[PDB]
């Protein structure tokens, strides 16, 4: 078919939208509410307006190309329409970029600047308290920034299929929020924060823990531990203009020391701990023939999904604590035993690509003897802001090293942040455990990649077992609802709520939609992790020397005794009751 765009003739067989055909041919069209191959069906932002000859102004993002269209993307009538829409958005928008947390990478600001748009009347609310919801342990809303673009609603729908983020009719006016405007925590919401990632502005954010951290750092008698997740070292460089897929591990350690932290450890150490315990439990369940299947339990997004939708699976969850919590538990017990610190004075902070980790850390029973496993969780974005506020030249920092005692990690722990990561690492140790051997082939490439549902057959000690990797919360629903779970007998199942794994977590750096169609963000971030695994000497969690010492000298044998006593956590379904 033949179309004309800005006087340029195209002959094409492609059946796509104006927007995508234009972007494919280096023709500029703006968009706002269009994301994840979806726009806002009930309140189209119309930022993507173009002029079609013989029709008038149309939305490019959801209008298919047709033979014989004459399209103008830059006529004065088009630009005045787009400018008008942005101005109306400004009319309901607290335009104060100064102290805003999206100041450095906001899509809306870029649009305002591009079209020179201004409000008819500035939005200047005196009392923000009614626009702000900070009840959640993981999420916050600032409706002074909200454009009602529906991108959070669509993303929540696509990524989780819970539809926990909804349009609401609050006293005759439209907002976004949880069901019945309740606290997100009190709904079926997973707190995975995929909504935040989709948000073009600062309307959706993580629940801040930065005050917890600063207060602890400035408290004389507090000994503040910090440990970052696998994914952080593969991501945080993005916010310092270092590009995508840059390993910045050593720079992070240096920055944390300069921030005033008293001990620099690593969650990857906790990852090796979780494998120690979970691979042990797997081997146990084999020689007890059940309960099968065993599900991973390190994703609090998935744990909440199970609690809210599949409580019959809670007893199938591994009882091993997550790397975050299992690390935290040892930081209040083992670490004092090798440091002399009063356990009460230890304050443990993690850096996570995740918002759901904050909820996990603040679970009432995630403590012992009055001591929280984890006292604070800051996202990748929060650590970045903290670094920038301290004016630490991150990109120029020299590499330092972590403190070894709870900072060493194997290549198995290092790949936790990728979908299929926990599966692969668990298998490397479960195999060696069950066969009493030191096997050389350790790469399970079949469980890797961005496929939503991944299965593999594995041969453990002259017996064959079935594993599955569930990549994304919506895929958990598909896997269960479509009866896939009953099509064969599964023995070990990994579930991550965020598609791509933690590298694509709700607390990660935002990425411009244009960059998203240019960079495979999930694969590129994960590539850093697998790279570290490939070039590390020890690639099994039980080959972690610092970890072995810890178990030999303090916890004893994994999966039992002291180790099972305090390094494990069991989820329980509510007892039957009526009503509901």
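Numbering follows the first chain given and starts at 1.
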188-196 versus 456-464 - greater average Cα B-factor per the deposited record: 456-464
Between the two ranges 120-128 and 305-313, the one averaging a larger CA B factor in the entry: 120-128
Identity of residue with top Cα B-factor, from 476, 341, 255, 390: 390
Residue with highest C-alpha B-factor in the PDB entry, from 403, 287, 107, 221: 287
Cα B factor band for residue 214 (lowest, middle or highest third within the chain): middle
B-factor third for the C-alpha atom of residue 554 within its chain: middle
Chain third (lowest, middle, highest) by recorded CA B-factor, residue given as residue 511: middle
Where the record places residue 441 (Cα B-factor, split into thirds across the chain): highest
Third of chain Cα B-factors occupied by residue 162: lowest
